[PDB]
Amino acid sequence: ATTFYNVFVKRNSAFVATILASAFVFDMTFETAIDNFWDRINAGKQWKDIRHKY
Amino acid sequence: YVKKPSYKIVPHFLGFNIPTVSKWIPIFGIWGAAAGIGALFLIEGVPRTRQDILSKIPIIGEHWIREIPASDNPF
Amino acid sequence: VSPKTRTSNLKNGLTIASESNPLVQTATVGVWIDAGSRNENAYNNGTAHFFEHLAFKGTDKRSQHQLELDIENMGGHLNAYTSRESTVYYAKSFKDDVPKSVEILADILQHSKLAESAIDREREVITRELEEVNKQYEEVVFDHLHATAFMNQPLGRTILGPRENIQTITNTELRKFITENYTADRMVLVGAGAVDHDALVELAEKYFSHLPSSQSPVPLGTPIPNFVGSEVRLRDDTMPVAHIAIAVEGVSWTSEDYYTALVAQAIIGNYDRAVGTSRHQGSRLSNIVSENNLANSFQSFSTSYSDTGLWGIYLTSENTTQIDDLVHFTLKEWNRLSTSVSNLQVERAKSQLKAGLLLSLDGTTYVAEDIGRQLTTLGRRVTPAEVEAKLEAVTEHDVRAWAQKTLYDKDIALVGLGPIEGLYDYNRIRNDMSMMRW
Amino acid sequence: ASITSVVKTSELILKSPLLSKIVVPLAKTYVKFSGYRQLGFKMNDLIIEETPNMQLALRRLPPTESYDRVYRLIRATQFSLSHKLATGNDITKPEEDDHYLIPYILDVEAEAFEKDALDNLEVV
Amino acid sequence: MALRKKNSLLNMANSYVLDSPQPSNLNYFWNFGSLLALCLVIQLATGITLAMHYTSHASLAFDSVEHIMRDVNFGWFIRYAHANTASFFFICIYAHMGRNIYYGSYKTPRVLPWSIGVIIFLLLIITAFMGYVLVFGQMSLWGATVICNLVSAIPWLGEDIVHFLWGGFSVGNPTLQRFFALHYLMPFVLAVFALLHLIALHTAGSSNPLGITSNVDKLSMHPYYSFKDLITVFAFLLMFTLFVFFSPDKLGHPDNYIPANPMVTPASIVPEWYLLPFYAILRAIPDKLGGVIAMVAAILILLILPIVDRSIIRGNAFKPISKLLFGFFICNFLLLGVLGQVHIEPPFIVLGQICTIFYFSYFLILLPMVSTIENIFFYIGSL
Amino acid sequence: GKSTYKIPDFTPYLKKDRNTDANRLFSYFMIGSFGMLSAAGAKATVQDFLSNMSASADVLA
Ligand code: HEM
Ligand code: HEM
Ligand SMILES: CCCCCCCCCCCCO[C@@H]1O[C@H](CO)[C@@H](O[C@H]2O[C@H](CO)[C@@H](O)[C@H](O)[C@H]2O)[C@H](O)[C@H]1O
Ligand SMILES: CCCCCCCCCCCCO[C@@H]1O[C@H](CO)[C@@H](O[C@H]2O[C@H](CO)[C@@H](O)[C@H](O)[C@H]2O)[C@H](O)[C@H]1O
């Protein structure tokens, strides 16, 4: 907790760098998660689900 | 017995000296990383950024290698 | 090189400590006690201060008047003060009046009457003291500062105590306090100036030998304080000068960072517009404040107790539209102890302190106060050679590391008194404890 | 540039016999063609004043020098707006072109520069 | 207390146009600021009116401008006023900048109004360039093509940026429609920056031609400078009248009366006259990216005048050598302009390179040297 | 009600572990998360919005 504070939080330069890196990770993972969830709740309905017939 | 105080003037310019600036060198480094991460994040959607930078990152890089099937592409 | 401090014990556990100066003709002998207001609870808060008044109100032998005469005849004077952790009772006299003075001190401490009639008389005098401290602005500020920093804890209580206690303090609770606290293992008999150590030890064996010892003798200067970031605003638009104190939790007497905290305090330093040299001081804050007329004065402090401390600054200003600038620039100078200080500032402050710690001791009372304070807080007098070595061990890395854990982005206790409309709210002050650029 | 700089470099030139022999006549012609004397100014009236150091030097002028400088600025302003030149006693003669301000600004700057140096001292 | 001082809104106007304390000796070169404000007001009035009749679609743009000329009542006047005032705007802005450079208006304590001024100048260039494309004649198209292709020089991403600006693979309808939206916006941004540089100036006040303080002798802005501004307003309106009514196309290129044709390339593709010196600077450097950097640096280098001018005295009125150097600098700037519109042929290729070197060496070498020496001549010469 | 050295009761609000690094770190985790979603939201907003200026579907056709 002290260690974590000292490395990532105490210096604002480090804090902002950590926030931006986390935003990058969040953005990429959230995209993938939503895409999969969207595909499950709308299963059989989307073009990708019927494409194979054609 | 001491006749005179013992000191030197360190080189300075615009109120900066090397001892002080040296303490901030690492901070410029981290700010540069922050600016780099942020810039790259801003242009992550640009196709060239994916093609040239992001897809080349080991393991992770396959996140940015995505092909539209030829059947689904009007263009 | 100053003469060696000699130290002896009695059987009860009373320490005798002396430092002779064959160049002076006066002597300060007295009793330093490792006890003070902090030893009271909430119900008897004010007792230690009450006792200090009664100590001079007559003993089993000498009445109030006889006491007065005896001291008058000695030729010197007696003095006492009670603090949160320390009580002192000393006598300044002529070289050959030392046996009289030791005898009077031993009498007023061990054999005081504490007569109901005198309790009742002082009960009014002390009640009047509650309405006249109000004028001593620095003391008002520091007492509120302790009250808020150590909210609802023993260090947070005042020395005078509440009005309610003053009306209900009995001779019973006075006697109980001094019986529990003024024990031989907590007391040091100190002599400085024209005193012989061996003479003083004999006088101690004569007068202080029948002192109670405590059941469980802990070492001298033995104590958990939980600092509260907080503020007290005592706005008074009719006052022309604003008085502001800002402090963080500091270091105890025996902290490993004790010298690092002193060096950091010396980097900010003091300032007073009325002193001629103050416009030329090296301190950055001093330069900002003097160039911009932001303050009449400021004084950095690093107060220590047995188990905590307060480190901070006390400011006075008539510039009521730029209090914000004054506070802003002060806290930005503190930020630089974490971000920017180098060997340049650190070596300059060490130079100034190596002399400062010796300069302070320029009279027998100052020497006695130094022996007494060190013996009751550390258990020993630290030689100037050891002090020079501990100061030399402070590096710029130590200062930055200390400031990063003690100052940087930490809660402050803040007290403002007077025309402080321009002092911003807690958040805006506390936001200056860090720098977004770093 | 600082007045200190200008004064020191000028003194180096005035020391060297060769250099002074060639620079002093040029400087005198320059001043004649400059033509500030034809608006009744002294050279020091032209120095930029909107600086902390210069404001402090001006505050240290003796009252008489200060009141006369105010008049020369007002008079020159009136010649400027009228598109006229000074005549007669309003023209600054070479012997009246005294460096009234230079000593004050050199003292202000001496302290300012010493303060900068001493802010950078390193205990040895 | 008078209402003009008591009411906060009135007092803002009062502080800038009425009680504003001015030096009593401003000469006529202090009138370009109000002429620039006049040009800006004319461009807003005529520009918004043209927007009521213009169509930004590439199939209709050029014809909508002909409709304005032929069918809209007084459309010819509104169009020619807008087109000619764009040139007058640049004459006044060069005069205002030349005044500022000669009189040391960039020196402390006026660095901030000068620096915001440099941005105003960049916004005016962008505004005028986009407005010229809107006609969609041959010069409109081909000028947009070559100027927008300079962005291709930006390393790595340059080509992508160009396609992004165009909204396609060449200058076409998407580019024209976006240039219309931005051309409408940019004058409002320019007005905000013009206001910012005045607010920044208000802390020191106007400089004056002697370079000394005016705190000793102030005049109200009104009535003195109000009435002195009317003289140059009417002089400007006379010049405006002679171009707009008697020679409306003197400052233009005939090729812009031919509809844009991506196939046929015009004989010579040149920017409007006011951009010509920067174009000559770009041609001087053989490298594409080098040329673009030089061209931008030629404007941004104005930001270093506060540093490279080492004089202890503000302005050139009393500095004969600085006055000569300034004369050569200005004439060189005009020669660069001329060289921007000659053909890339001998001997103009080398001459353009020499003039480019002179342009930069003014800021980097000559002004620092001359200002150093003049400091010494003032000191020694008056001992 | 009269003495100003008797601090009013703040026990309903005061945290016991107020001086600890864990205490500060928690509040900065909230601030940091908020800053992180604001960064991710700004990036998404800017990217989707500015893409309007890239070649439209009819142009790419
Ligand atoms: C600083 C202000 C402005 C400048 C320097 C400027 C400059 C120009 C230029 C150079 C042209 C090409 C003129 C031609 O040759 O036909 C033009 C065209 C145009 N401008 Fe502006 N303009 C400005 C403000 C405005 C404003 C505020 C509008 C509001 C929409 C606007 C609308 C137009 C329109 C519609 C055209 C195309 C019709 C035409 O060519 O006349 N302009 N502008
Ligand atoms: C829309 C364009 C502009 C307008 C409307 C404008 C307007 C004005 C006005 C009204 C003044 C005060 C009167 C005067 O001295 O003439 C002024 C002063 C000034 N302007 Fe501008 N300006 C513009 C562009 C620029 C540019 C491009 C620069 C610099 C590159 C600039 C730099 C300054 C400076 C330094 C002053 C102070 C000059 C002094 O009084 O000594 N301005 N401007
Ligand atoms: C030129 C276009 C005309 C419109 C004016 C521009 C609108 C924007 C102006 C407001 C920006 C704030 O501008 C600021 O206003 C206040 C009061 O108005 C001025 O204040 C000044 O005038 C008032 C009285 O007139 C005095 O109390 C004050 O001592 C003086 O500094 C500032 O010098 C000016 O910098
Ligand atoms: C200063 C900021 C820096 C420059 C700003 C960059 C501007 C343009 C960046 C990329 C814009 C286009 O970048 C592109 O964005 C869209 C989302 O908008 C993404 O497209 C993704 O989502 C959209 C809808 O959200 C879907 O229709 C699409 O099938 C999917 O791939 C692309 O994966 C990305 O390649």
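Quick note: numbers below take in every heavy atom, side chains included, and nothing from hydrogens, waters or symmetry partners. Quick note on labels: first sequence line is chain A, next is B, and so on, each numbered from 1. Atoms within a ligand are numbered from 1 in the order they appear, just like the ligands themselves.
Annotation: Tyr359(E) is in aromatic contact with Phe363(E) [ring centroid separation under 6.0 Å]. Ring-centre distance between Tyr54(E) and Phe180(E): below the 6.0 Å cut-off. Here the two rings, on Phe333(E) and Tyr362(E), have centers that are 6.0 Å apart or farther.
Side chains of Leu54(B) and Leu40(B) form a contact here, defined as non-hydrogen atoms less than 4.5 Å apart.
Remark: ligand 1 atoms within the under-4.0 Å shell around heavy atoms of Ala51(E) are 30 (C), 35 (C). Interface of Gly45(B) with ligand 4, defined as ligand atoms under 4.0 Å from a residue heavy atom, comprises 10 (C), 13 (O), 34 (C), 35 (O). Near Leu44(E), with a cut-off below 4.0 Å to any heavy atom, the atoms of ligand 1 are 27 (C). Each of the atoms 33 (O), 34 (C), 35 (O) of ligand 4 lies under 4.0 Å from some heavy atom of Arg50(B). Using a 4.0 Å cut-off to heavy atoms of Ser51(F), the atoms of ligand 4 that qualify are 11 (C), 12 (C). The atoms of ligand 1 that sit less than 4.0 Å from any heavy atom of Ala86(E) are 7 (C), 10 (C).
Protein heavy atoms come within 4.0 Å of atom 34 (C) of ligand 4. The presence of a protein heavy atom under 4.0 Å from atom 31 (O) of ligand 4 is ruled out. For atom 13 (O) of ligand 4, the nearest protein heavy atom lies closer than 4.0 Å. For atom 22 (O) of ligand 4, the nearest protein heavy atom is 4.0 Å or more away. The protein does not reach atom 26 (C) of ligand 4 closely, with no heavy atom under 4.0 angstrom from it.
Atom 18 (C) of ligand 1 has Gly131(E) O, 3.5 Å as its closest protein atom, hydrogens excluded (heavy atom only). Scanning all protein heavy atoms for the shortest distance to atom 19 (C) of ligand 4 gives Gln47(F) NE2, 4.3 Å. With respect to atom 42 (N) of ligand 1, the closest heavy atom belonging to the protein is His183(E) NE2, 2.8 Å. Nearest to atom 7 (C) of ligand 4 among the protein's heavy atoms is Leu50(F) CB, 4.2 Å. In terms of protein heavy atoms, atom 40 (O) of ligand 1 is closest to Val135(E) CG2, 3.3 Å. If you check which protein heavy atom lies closest to atom 24 (C) of ligand 1, you get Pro187(E) CG, 3.5 Å. Closest protein heavy atom to atom 1 (C) of ligand 4: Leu42(B) CD1, 4.0 Å. When hydrogens are left out, the protein atom nearest atom 4 (C) of ligand 1 is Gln43(E) NE2, 3.4 Å; that is the closest non-hydrogen contact. The single protein non-hydrogen atom nearest to atom 36 (C) of ligand 1 is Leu134(E) CD1, 3.7 Å, given as residue, atom name and distance.
One finds no salt bridge joining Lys48(A) and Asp72(B) here, because no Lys/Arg side-chain nitrogen approaches an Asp/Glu carboxylate oxygen to under 4.0 Å.
Among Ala194(E), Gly117(E), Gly205(E), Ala200(E), the residue whose heavy atom lies nearest to atom 29 (C) of ligand 2 is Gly117(E). Across the listed options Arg110(E), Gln22(E), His96(E), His96(E) owns the non-hydrogen atom lying nearest to atom 21 (Fe) of ligand 2. Which of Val46(F), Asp48(F), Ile68(B), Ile43(B) comes nearest to atom 4 (C) of ligand 4 through a heavy atom is settled by distance: it is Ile43(B).
By the criterion of a heavy-atom distance under 4.0 Å, neither the backbone nor the side chain of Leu302(E) is placed next to ligand 2. Under 4.0 Å from ligand 2, the heavy atoms of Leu201(E) that appear belong solely to its side chain.
Taking only nitrogen or oxygen atoms, main chain and side chain alike, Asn31(E) does not reach within less than 3.5 Å of ligand 2. In terms of polar-atom proximity, defined here as any N/O pair under 3.5 Å, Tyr132(E) makes no such contact with ligand 1. In terms of polar-atom proximity, defined here as any N/O pair under 3.5 Å, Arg99(E) does make such a contact with ligand 2. On a distance-only criterion, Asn100(E) and ligand 2 share no N/O pair closer than 3.5 Å.
Aromatic ring pairs are classed by plane angle as parallel below 30°, tilted from 30° to 60° and perpendicular above 60°; the pair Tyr102(E) and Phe326(E) is perpendicular.
Taking atom 21 (Fe) of ligand 1 as reference, the nearest N/O/S atom within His82(E) carries the name NE2.
At a 4.0 Å cut-off, not a single heavy atom of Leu190(E) sits close enough to ligand 2 to count as contact.
Remark: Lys250(E) fails to qualify as a cation-pi partner of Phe243(E) under the 6.0 Å distance and 45° angle criteria applied to the six-membered ring.
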